[PDB]
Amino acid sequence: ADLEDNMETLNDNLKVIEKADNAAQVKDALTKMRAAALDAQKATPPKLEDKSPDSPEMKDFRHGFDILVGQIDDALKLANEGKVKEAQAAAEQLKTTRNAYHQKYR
């Protein structure tokens, strides 16, 4: 999928997690976010199109998805342990990462 479509998928699932009633809904949503983040990681964002693919900026852009995947893994862990509300609260941290990386590259 392209970068924009993967961003919509992340947004779609963040909202599902916020309104979720059970662990399956939260687990499934985090699972789809993780796959979209990994798909997005291979893209070149518009703002960095004139930089080399291996530049410090492109490496930082890719690192933003490694942070996001780590945060999703932490929330997935809690949801799998039946700590649903804790997983939903943990998922809010993804917004900090979104905000910091959007600030830089969106």
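Residue numbers run from 1 along the displayed sequence.
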Averaging C-alpha B-factors over each stretch, which comes out higher, 91-99 or 14-22?
14-22
Comparing 65-73 with 52-60, the higher average Cα temperature factor in the PDB entry belongs to 52-60
Among the modelled residues of this chain, does the Cα B factor of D5 put it in the lowest, middle or highest third?
middle
Where the record places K32 (Cα B-factor, split into thirds across the chain)
lowest
